[PDB]
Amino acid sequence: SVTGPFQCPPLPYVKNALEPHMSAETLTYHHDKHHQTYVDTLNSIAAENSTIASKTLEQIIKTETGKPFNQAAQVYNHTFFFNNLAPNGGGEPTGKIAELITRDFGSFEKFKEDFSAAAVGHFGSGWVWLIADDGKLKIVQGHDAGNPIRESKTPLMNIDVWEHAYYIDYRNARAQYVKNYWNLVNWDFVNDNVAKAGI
């Protein structure tokens, strides 16, 4: 009844809050089944590995291998993903990311083209990330649980392209899912990530 030590943070919005772009049924399975289960399994390992209980998700991402890495990475990836969406989100970015997007991709339209193409093209399960590398914006793909924190890097935005993220709502139409993700982006969260990094 006291389970831990890792926890699955609650969604920052109610289940129907992202409709029609992402369904309540999707949020329920994706968060309450997939996300929560990754945390449960990690905890199972933590119970028998005091080294893995002593480490932050980020330290496990940087330092672990195999299943423990995959689990910690996935727990972080989903928390970041769900934080990265919002009921009053979407549309063109404002504030500092808007400036940096212009700086590094020329325009939001071009950034949107690049990021969508990466997300639509990723073969198999994975993630697409907007990262700040050494103060510079870059789009990187993470196959399976791949997370750029393992390298030097700072995540700013992501999209989950594992099939479970969209199959209930879009079946195999990943491109339609990616299109709809732009209506959901939480630019306030993205801008907080910018602010926290030096950039």
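Numbering starts at 1 and follows the sequence shown.
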(message) Can you tell me whether 182-190 has a higher mean C-alpha B factor than 8-16 in this record, or the other way round?
(response) 8-16
(request) On mean C-alpha B-factor from the PDB entry, just flag whether 62-70 or 47-55 is the higher one. (result) 47-55
(message) Just the C-alpha B-factor column, please: which of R171, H31, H164, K153 has the biggest number?
(response) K153
(message) According to the Cα B-factor stored in this entry, which of the following is highest: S107, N77, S125, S116?
(response) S107
(message) Splitting the chain's C-alpha B-factors into thirds, which one does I101 fall into?
(response) middle
(request) Report the third (lowest, middle or highest) to which the CA temperature factor of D134 belongs, ranking only the modelled residues of the same chain. (result) highest
